[PDB]
$ cat my_file.txt   # compact mmCIF, C-alpha atoms and all ligand atoms
# COMPACT_ATOMS: atom_id res chain seq x y z
CA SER A 30 -54.16 85.44 68.66
CA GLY A 31 -57.61 84.17 69.61
CA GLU A 32 -59.28 83.65 66.16
CA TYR A 33 -60.08 80.09 65.11
CA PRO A 34 -56.90 78.87 63.46
CA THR A 35 -56.99 78.23 59.68
CA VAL A 36 -55.07 75.91 57.26
CA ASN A 37 -52.37 78.35 56.17
CA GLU A 38 -51.81 79.35 59.84
CA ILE A 39 -50.77 75.81 61.01
CA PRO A 40 -47.65 74.13 59.56
CA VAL A 41 -48.02 70.43 59.08
CA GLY A 42 -46.82 68.85 62.33
CA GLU A 43 -47.87 71.56 64.86
CA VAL A 44 -51.17 71.48 66.71
CA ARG A 45 -53.23 74.27 68.18
CA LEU A 46 -56.03 74.14 70.74
CA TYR A 47 -59.09 76.42 70.84
CA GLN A 48 -61.25 76.88 73.92
CA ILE A 49 -64.88 76.24 72.95
CA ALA A 50 -66.52 76.29 76.40
CA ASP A 51 -65.66 75.50 79.98
CA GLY A 52 -63.87 72.15 79.87
CA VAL A 53 -64.20 71.85 76.06
CA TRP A 54 -61.50 72.49 73.47
CA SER A 55 -61.09 71.74 69.83
CA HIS A 56 -57.75 70.65 68.43
CA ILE A 57 -56.62 71.72 64.98
CA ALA A 58 -53.85 70.24 62.86
CA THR A 59 -52.93 70.14 59.20
CA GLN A 60 -51.93 67.29 56.94
CA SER A 61 -51.04 66.62 53.31
CA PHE A 62 -53.11 64.16 51.32
CA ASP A 63 -52.83 63.54 47.58
CA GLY A 64 -50.69 66.64 47.22
CA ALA A 65 -52.91 69.17 48.96
CA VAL A 66 -52.93 70.48 52.52
CA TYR A 67 -56.01 70.35 54.71
CA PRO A 68 -56.93 71.34 58.25
CA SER A 69 -58.86 69.03 60.53
CA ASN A 70 -60.54 69.29 63.93
CA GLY A 71 -60.97 67.08 66.94
CA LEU A 72 -62.31 67.59 70.46
CA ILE A 73 -60.99 67.49 74.03
CA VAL A 74 -63.43 67.25 76.94
CA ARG A 75 -62.50 67.53 80.61
CA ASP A 76 -63.47 64.35 82.50
CA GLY A 77 -62.80 65.24 86.13
CA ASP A 78 -59.02 65.35 86.53
CA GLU A 79 -58.60 63.46 83.22
CA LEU A 80 -59.33 64.24 79.55
CA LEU A 81 -61.40 62.50 76.91
CA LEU A 82 -60.05 62.92 73.37
CA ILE A 83 -62.28 62.80 70.28
CA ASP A 84 -60.31 61.95 67.10
CA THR A 85 -56.62 61.94 66.38
CA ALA A 86 -54.75 64.90 64.85
CA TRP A 87 -54.41 63.11 61.45
CA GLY A 88 -51.14 61.27 61.62
CA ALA A 89 -48.63 59.85 64.04
CA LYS A 90 -46.38 62.87 64.34
CA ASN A 91 -49.33 65.27 64.51
CA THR A 92 -50.86 63.14 67.28
CA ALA A 93 -47.62 63.16 69.27
CA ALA A 94 -47.62 66.95 68.86
CA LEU A 95 -51.27 67.01 70.05
CA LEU A 96 -50.36 65.19 73.26
CA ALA A 97 -47.49 67.66 73.86
CA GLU A 98 -49.75 70.63 73.22
CA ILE A 99 -52.32 69.25 75.68
CA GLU A 100 -49.65 68.84 78.32
CA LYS A 101 -48.46 72.43 77.76
CA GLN A 102 -51.91 74.08 77.67
CA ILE A 103 -54.09 71.92 79.94
CA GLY A 104 -51.81 69.64 81.94
CA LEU A 105 -54.29 66.80 82.60
CA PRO A 106 -53.76 63.28 81.28
CA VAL A 107 -55.60 61.98 78.24
CA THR A 108 -56.98 58.63 79.37
CA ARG A 109 -59.45 57.66 76.65
CA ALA A 110 -60.01 58.48 72.97
CA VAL A 111 -62.93 57.92 70.63
CA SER A 112 -62.57 57.92 66.85
CA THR A 113 -65.69 59.05 65.02
CA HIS A 114 -65.07 57.22 61.72
CA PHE A 115 -62.41 55.08 60.05
CA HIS A 116 -60.52 57.62 57.92
CA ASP A 117 -56.94 58.65 58.73
CA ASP A 118 -57.99 62.10 60.02
CA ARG A 119 -59.82 60.22 62.80
CA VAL A 120 -57.70 57.10 63.50
CA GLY A 121 -54.24 58.02 62.16
CA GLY A 122 -52.33 58.41 65.39
CA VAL A 123 -54.18 55.70 67.34
CA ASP A 124 -50.98 53.67 67.63
CA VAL A 125 -49.22 56.78 69.14
CA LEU A 126 -52.14 57.15 71.60
CA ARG A 127 -52.14 53.51 72.60
CA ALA A 128 -48.32 53.69 73.36
CA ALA A 129 -48.94 56.86 75.44
CA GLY A 130 -51.35 55.09 77.79
CA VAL A 131 -54.54 56.15 76.11
CA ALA A 132 -57.35 53.61 75.79
CA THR A 133 -58.72 53.89 72.23
CA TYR A 134 -62.32 53.25 71.25
CA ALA A 135 -64.52 53.16 68.14
CA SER A 136 -67.67 51.45 66.97
CA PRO A 137 -67.32 47.91 65.62
CA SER A 138 -68.23 49.30 62.23
CA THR A 139 -65.35 51.78 62.36
CA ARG A 140 -62.95 49.11 63.58
CA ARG A 141 -63.86 46.77 60.70
CA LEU A 142 -63.57 49.52 58.10
CA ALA A 143 -60.25 50.74 59.49
CA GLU A 144 -58.85 47.18 59.43
CA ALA A 145 -60.00 46.58 55.88
CA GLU A 146 -58.58 49.87 54.65
CA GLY A 147 -55.19 49.46 56.33
CA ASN A 148 -55.73 52.29 58.79
CA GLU A 149 -54.86 52.20 62.50
CA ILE A 150 -57.40 50.34 64.58
CA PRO A 151 -58.81 51.50 67.95
CA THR A 152 -58.59 48.81 70.62
CA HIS A 153 -62.07 48.79 72.15
CA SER A 154 -65.46 48.40 70.51
CA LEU A 155 -68.35 50.75 71.30
CA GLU A 156 -71.54 48.68 71.27
CA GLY A 157 -75.01 50.16 71.33
CA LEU A 158 -74.48 52.40 68.28
CA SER A 159 -75.39 50.14 65.37
CA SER A 160 -78.85 51.57 64.56
CA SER A 161 -79.52 55.11 63.38
CA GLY A 162 -80.70 57.23 66.30
CA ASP A 163 -78.75 55.19 68.86
CA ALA A 164 -77.01 57.04 71.65
CA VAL A 165 -74.71 55.98 74.49
CA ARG A 166 -72.93 57.83 77.26
CA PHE A 167 -69.13 57.93 77.36
CA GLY A 168 -67.70 59.95 80.20
CA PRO A 169 -68.74 63.58 79.85
CA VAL A 170 -70.22 63.12 76.36
CA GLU A 171 -73.02 61.41 74.52
CA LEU A 172 -72.14 59.48 71.36
CA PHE A 173 -74.82 59.43 68.66
CA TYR A 174 -75.06 57.42 65.47
CA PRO A 175 -77.14 59.55 63.01
CA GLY A 176 -77.05 57.13 60.08
CA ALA A 177 -74.85 57.06 57.03
CA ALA A 178 -73.59 60.44 55.86
CA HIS A 179 -69.94 61.28 55.15
CA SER A 180 -69.30 57.58 55.88
CA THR A 181 -71.47 54.65 56.93
CA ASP A 182 -69.91 54.60 60.39
CA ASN A 183 -69.78 58.30 61.28
CA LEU A 184 -70.56 59.23 64.87
CA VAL A 185 -71.37 62.61 66.36
CA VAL A 186 -70.57 63.73 69.89
CA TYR A 187 -72.57 65.98 72.23
CA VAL A 188 -71.21 67.63 75.37
CA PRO A 189 -74.37 68.18 77.49
CA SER A 190 -72.72 70.40 80.10
CA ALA A 191 -71.89 72.96 77.39
CA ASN A 192 -74.44 72.23 74.64
CA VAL A 193 -71.55 71.59 72.23
CA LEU A 194 -72.27 69.44 69.18
CA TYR A 195 -69.21 67.95 67.51
CA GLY A 196 -70.43 66.81 64.12
CA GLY A 197 -67.23 65.40 62.80
CA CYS A 198 -67.02 64.94 59.05
CA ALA A 199 -70.81 64.52 58.70
CA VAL A 200 -71.00 68.31 59.27
CA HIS A 201 -69.38 70.94 57.09
CA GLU A 202 -68.34 74.46 57.85
CA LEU A 203 -70.41 77.42 56.53
CA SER A 204 -67.86 78.31 53.82
CA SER A 205 -68.13 74.84 52.27
CA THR A 206 -69.19 74.70 48.65
CA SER A 207 -68.75 71.04 48.23
CA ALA A 208 -69.40 67.99 50.15
CA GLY A 209 -65.61 67.38 50.75
CA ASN A 210 -64.19 63.89 50.27
CA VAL A 211 -67.34 61.89 49.42
CA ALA A 212 -65.81 58.63 48.22
CA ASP A 213 -67.24 56.68 51.18
CA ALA A 214 -70.35 58.83 51.57
CA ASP A 215 -74.08 58.10 51.20
CA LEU A 216 -75.27 61.37 49.50
CA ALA A 217 -78.87 60.12 49.41
CA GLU A 218 -79.02 59.31 53.19
CA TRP A 219 -76.84 62.20 54.36
CA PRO A 220 -79.65 64.81 54.59
CA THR A 221 -81.82 62.32 56.52
CA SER A 222 -78.94 61.68 58.91
CA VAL A 223 -78.46 65.44 59.40
CA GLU A 224 -82.20 65.81 60.09
CA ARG A 225 -81.79 63.17 62.79
CA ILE A 226 -79.00 65.25 64.39
CA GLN A 227 -81.15 68.41 64.18
CA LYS A 228 -84.06 66.63 65.87
CA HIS A 229 -81.96 65.04 68.58
CA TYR A 230 -79.89 68.16 69.57
CA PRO A 231 -82.16 71.21 69.20
CA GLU A 232 -80.40 73.04 72.05
CA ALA A 233 -76.93 72.88 70.57
CA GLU A 234 -75.14 76.22 70.94
CA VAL A 235 -71.87 75.48 69.18
CA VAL A 236 -71.54 73.11 66.21
CA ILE A 237 -68.03 71.95 65.27
CA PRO A 238 -67.38 70.46 61.80
CA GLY A 239 -64.75 67.83 61.03
CA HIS A 240 -62.80 70.40 59.05
CA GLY A 241 -63.02 74.20 59.36
CA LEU A 242 -64.66 76.80 61.50
CA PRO A 243 -67.21 76.17 64.30
CA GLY A 244 -70.49 78.03 64.26
CA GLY A 245 -74.05 77.49 65.40
CA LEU A 246 -76.93 75.25 64.37
CA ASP A 247 -76.89 76.66 60.83
CA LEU A 248 -73.95 74.39 60.00
CA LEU A 249 -76.41 71.47 60.01
CA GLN A 250 -78.82 72.95 57.48
CA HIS A 251 -75.92 74.25 55.38
CA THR A 252 -74.46 70.74 55.25
CA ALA A 253 -77.78 69.27 54.08
CA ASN A 254 -78.03 71.98 51.46
CA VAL A 255 -74.54 71.43 50.06
CA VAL A 256 -74.83 67.65 49.97
CA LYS A 257 -78.22 67.79 48.18
CA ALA A 258 -76.88 70.23 45.65
CA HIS A 259 -73.75 68.10 45.14
CA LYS A 260 -75.82 65.03 44.46
CA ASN A 261 -77.88 67.15 42.03
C1 LIG A 301 -58.41 61.56 55.44
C2 LIG A 301 -59.60 61.72 54.53
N1 LIG A 301 -59.59 60.58 53.66
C3 LIG A 301 -60.68 60.28 52.94
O1 LIG A 301 -61.67 61.04 52.98
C4 LIG A 301 -60.40 59.02 51.99
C5 LIG A 301 -59.08 58.48 51.73
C6 LIG A 301 -58.91 57.42 50.83
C7 LIG A 301 -60.02 56.80 50.23
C8 LIG A 301 -59.89 55.61 49.27
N2 LIG A 301 -60.34 54.37 49.86
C9 LIG A 301 -61.31 57.30 50.53
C10 LIG A 301 -61.47 58.44 51.36
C11 LIG A 301 -59.48 63.04 53.72
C12 LIG A 301 -58.37 63.33 52.92
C13 LIG A 301 -58.26 64.56 52.23
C14 LIG A 301 -59.22 65.53 52.32
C15 LIG A 301 -60.38 65.27 53.07
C16 LIG A 301 -61.61 65.99 53.28
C17 LIG A 301 -61.94 67.30 52.80
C18 LIG A 301 -62.45 68.31 53.64
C19 LIG A 301 -62.74 69.57 53.15
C20 LIG A 301 -62.58 69.80 51.78
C21 LIG A 301 -62.91 71.14 51.19
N3 LIG A 301 -61.81 72.04 50.97
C22 LIG A 301 -61.11 71.69 49.77
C23 LIG A 301 -59.90 72.59 49.51
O2 LIG A 301 -60.30 73.94 49.37
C24 LIG A 301 -61.10 74.35 50.48
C25 LIG A 301 -62.24 73.37 50.78
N4 LIG A 301 -62.10 68.86 50.96
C26 LIG A 301 -61.80 67.62 51.48
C27 LIG A 301 -62.36 65.16 54.14
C28 LIG A 301 -63.74 65.34 54.61
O3 LIG A 301 -64.58 65.88 53.83
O4 LIG A 301 -64.08 64.84 55.72
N5 LIG A 301 -61.67 64.04 54.46
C29 LIG A 301 -60.47 64.05 53.78
ZN ZN A 302 -63.70 60.97 56.45
ZN ZN A 303 -62.86 64.30 57.38
$ encode --input "my_file.txt" --output "structure tokens" --more "lines below"
Ligand SMILES: C[C@H](NC(=O)c1ccc(CN)cc1)c1cccc2c(-c3ccc(CN4CCOCC4)nc3)c(C(=O)O)[nH]c12
Ligand SMILES: [Zn+2]
Ligand SMILES: [Zn+2]
Amino acid sequence: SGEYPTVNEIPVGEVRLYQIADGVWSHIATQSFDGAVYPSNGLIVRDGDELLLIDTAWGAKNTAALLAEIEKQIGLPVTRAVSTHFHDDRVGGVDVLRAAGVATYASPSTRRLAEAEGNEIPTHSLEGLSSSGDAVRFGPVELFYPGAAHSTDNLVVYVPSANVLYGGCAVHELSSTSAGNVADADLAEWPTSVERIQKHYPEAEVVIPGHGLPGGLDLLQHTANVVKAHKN
């Protein structure tokens, strides 16, 4: 009923959308992993009379449900998708997207990691993102590589028309106590990568984490704090 939707409010397999700004939505789905249930976010950005998707809904059936929810709520075609790192909450569902006419993209680093891990593999490589601080335009967004954080390949996404920063899994929600799933993380570089984001996007008005509730710029400092403490 208008609040940001939380894990126990979304059965696994349904998807909900949340309007962030004009022409910007998040998508929220839930999935089981190792016997626990988790929410996850992605982004939808209006691209004229088409849509750009950022990240899958964490699984094939969830991603099919995402496409149906988009058709119901927005009614414009998803033509392109970007996955922001190689984990299944970002790429699981790419094969569904590719069979639904969506052109799928990720950095070469993400594509290599996804292939090696046995995850679904976006079709197209995003060059120009291999060095920390790199940025490229992609439709109505800017893609930014902040350096290693949650993963070595993690990208963040900025929507300049709305000053929306989508941090993906490099950014945690304000209630976070822990750095989340850190198996592929660089805890030592993560704060430096967050500082890069802070420096590059000082006008961000909304910050969206990979999992959990959006907020403002404080999510960036909170993330640095929690990762440093975790490492400690
Ligand atoms: C899909 C992703 N697979 C990996 O990561 C992965 C998988 C396999 C291998 C081994 N080669 C290596 C890594 C993932 C799964 C489950 C939870 C998460 C989380 C996550 C997010 C938030 C929290 C915190 N909540 C815990 C419950 O109580 C409330 C707070 N815990 C975990 C993330 C993430 O942090 O991005 N990713 C996940
Ligand atoms: Zn991840
Ligand atoms: Zn994640």
$ residues_near_point --input "my_file.txt" --point "(-65.2, 45.4, 72.3)" --cutoff "10 Å" --atoms "all atoms listed in the file" --output "ChimeraX atom specification"
/A:134-137,140,151-156
$ closest_atom_pairs --input "my_file.txt" --of "chain A" --to "ligand ZN 303 (chain A)" --cutoff "9 Å" --atoms "all atoms listed in the file" --output "Markdown table"
| residue | atom | partner | partner_atom | distance |
| --- | --- | --- | --- | --- |
| A:69 | CA | A:ZN303 | ZN | 6.9 |
| A:70 | CA | A:ZN303 | ZN | 8.6 |
| A:114 | CA | A:ZN303 | ZN | 8.6 |
| A:116 | CA | A:ZN303 | ZN | 7.1 |
| A:117 | CA | A:ZN303 | ZN | 8.3 |
| A:118 | CA | A:ZN303 | ZN | 6.0 |
| A:119 | CA | A:ZN303 | ZN | 7.4 |
| A:179 | CA | A:ZN303 | ZN | 8.0 |
| A:197 | CA | A:ZN303 | ZN | 7.0 |
| A:198 | CA | A:ZN303 | ZN | 4.5 |
| A:199 | CA | A:ZN303 | ZN | 8.1 |
| A:209 | CA | A:ZN303 | ZN | 7.8 |
| A:210 | CA | A:ZN303 | ZN | 7.2 |
| A:238 | CA | A:ZN303 | ZN | 8.8 |
| A:239 | CA | A:ZN303 | ZN | 5.4 |
| A:240 | CA | A:ZN303 | ZN | 6.3 |
$ closest_residue --input "my_file.txt" --among "A:126, A:86, A:39, A:212" --to "ligand ZN 302 (chain A)" --atoms "all atoms listed in the file"
A:212
$ residues_around --input "my_file.txt" --residues "residue 189 (chain A)" --least-positions-apart "3" --cutoff "8 Å" --atoms "only C-alpha atoms" --output "ChimeraX atom specification"
/A:169-171,192-193
$ residues_around --input "my_file.txt" --residues "region 230-236 of chain A" --least-positions-apart "2" --cutoff "8 Å" --atoms "only C-alpha atoms" --output "PDB file with C-alpha atoms, in the frame of the given file"
ATOM      1  CA  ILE A  49     -64.880  76.240  72.950  1.00  0.00           C
ATOM      2  CA  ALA A 191     -71.890  72.960  77.390  1.00  0.00           C
ATOM      3  CA  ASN A 192     -74.440  72.230  74.640  1.00  0.00           C
ATOM      4  CA  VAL A 193     -71.550  71.590  72.230  1.00  0.00           C
ATOM      5  CA  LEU A 194     -72.270  69.440  69.180  1.00  0.00           C
ATOM      6  CA  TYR A 195     -69.210  67.950  67.510  1.00  0.00           C
ATOM      7  CA  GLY A 196     -70.430  66.810  64.120  1.00  0.00           C
ATOM      8  CA  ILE A 226     -79.000  65.250  64.390  1.00  0.00           C
ATOM      9  CA  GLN A 227     -81.150  68.410  64.180  1.00  0.00           C
ATOM     10  CA  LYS A 228     -84.060  66.630  65.870  1.00  0.00           C
ATOM     11  CA  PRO A 238     -67.380  70.460  61.800  1.00  0.00           C
ATOM     12  CA  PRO A 243     -67.210  76.170  64.300  1.00  0.00           C
ATOM     13  CA  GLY A 244     -70.490  78.030  64.260  1.00  0.00           C
ATOM     14  CA  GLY A 245     -74.050  77.490  65.400  1.00  0.00           C
ATOM     15  CA  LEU A 246     -76.930  75.250  64.370  1.00  0.00           C
ATOM     16  CA  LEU A 248     -73.950  74.390  60.000  1.00  0.00           C
TER      17      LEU A 248
END
$ closest_residue --input "my_file.txt" --among "A:258, A:143, A:223, A:211" --to "ligand ZN 302 (chain A)" --atoms "only C-alpha atoms and all ligand atoms"
A:211
$ atom_distance --input "my_file.txt" --atom1 "CA of residue 225 (chain A)" --atom2 "CA of residue 175 (chain A)"
5.9 Å
$ atom_distance --input "my_file.txt" --atom1 "CA of residue 178 (chain A)" --atom2 "atom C22 of ligand LIG 301 (chain A)"
17.9 Å
$ closest_residue --input "my_file.txt" --among "A:109, A:201, A:75, A:259" --to "ligand LIG 301 (chain A)" --atoms "all atoms listed in the file"
A:201
$ atom_distance --input "my_file.txt" --atom1 "CA of residue 30 (chain A)" --atom2 "CA of residue 61 (chain A)"
24.5 Å
$ residues_around --input "my_file.txt" --residues "residue 92 (chain A)" --least-positions-apart "3" --cutoff "10 Å" --atoms "all atoms listed in the file" --output "PyMOL selection string"
chain A and resi 42-44+58+84-89+95-98+120-126
$ closest_residue --input "my_file.txt" --among "A:229, A:56, A:45, A:260" --to "residue 163 (chain A)" --atoms "all atoms listed in the file"
A:229
$ build_atoms --input "my_file.txt" --residues "region 155-167 of chain A" --atoms "N, CA and C atoms" --output "mmCIF file, keeping the file's coordinate frame"
data_model
loop_
_atom_site.group_PDB
_atom_site.id
_atom_site.type_symbol
_atom_site.label_atom_id
_atom_site.label_comp_id
_atom_site.auth_asym_id
_atom_site.auth_seq_id
_atom_site.Cartn_x
_atom_site.Cartn_y
_atom_site.Cartn_z
ATOM 1 N N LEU A 155 -67.219 50.028 70.717
ATOM 2 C CA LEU A 155 -68.350 50.750 71.300
ATOM 3 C C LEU A 155 -69.635 50.139 70.769
ATOM 4 N N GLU A 156 -70.242 49.315 71.592
ATOM 5 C CA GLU A 156 -71.540 48.680 71.270
ATOM 6 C C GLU A 156 -72.663 49.681 71.510
ATOM 7 N N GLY A 157 -73.863 49.329 71.076
ATOM 8 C CA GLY A 157 -75.010 50.160 71.330
ATOM 9 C C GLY A 157 -75.206 51.309 70.384
ATOM 10 N N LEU A 158 -74.489 51.315 69.254
ATOM 11 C CA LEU A 158 -74.480 52.400 68.280
ATOM 12 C C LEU A 158 -74.781 51.931 66.872
ATOM 13 N N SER A 159 -75.281 50.702 66.686
ATOM 14 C CA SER A 159 -75.390 50.140 65.370
ATOM 15 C C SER A 159 -76.606 50.589 64.588
ATOM 16 N N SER A 160 -77.621 51.150 65.220
ATOM 17 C CA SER A 160 -78.850 51.570 64.560
ATOM 18 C C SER A 160 -78.975 53.088 64.587
ATOM 19 N N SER A 161 -79.364 53.666 63.455
ATOM 20 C CA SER A 161 -79.520 55.110 63.380
ATOM 21 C C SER A 161 -80.439 55.590 64.493
ATOM 22 N N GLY A 162 -80.037 56.680 65.135
ATOM 23 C CA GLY A 162 -80.700 57.230 66.300
ATOM 24 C C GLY A 162 -80.201 56.689 67.625
ATOM 25 N N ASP A 163 -79.298 55.696 67.631
ATOM 26 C CA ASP A 163 -78.750 55.190 68.860
ATOM 27 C C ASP A 163 -77.855 56.218 69.535
ATOM 28 N N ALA A 164 -77.843 56.185 70.845
ATOM 29 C CA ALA A 164 -77.010 57.040 71.650
ATOM 30 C C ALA A 164 -76.504 56.290 72.861
ATOM 31 N N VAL A 165 -75.282 56.555 73.276
ATOM 32 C CA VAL A 165 -74.710 55.980 74.490
ATOM 33 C C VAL A 165 -73.903 57.062 75.210
ATOM 34 N N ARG A 166 -73.779 56.942 76.505
ATOM 35 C CA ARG A 166 -72.930 57.830 77.260
ATOM 36 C C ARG A 166 -71.500 57.296 77.314
ATOM 37 N N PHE A 167 -70.560 58.237 77.294
ATOM 38 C CA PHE A 167 -69.130 57.930 77.360
ATOM 39 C C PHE A 167 -68.466 59.049 78.123
#
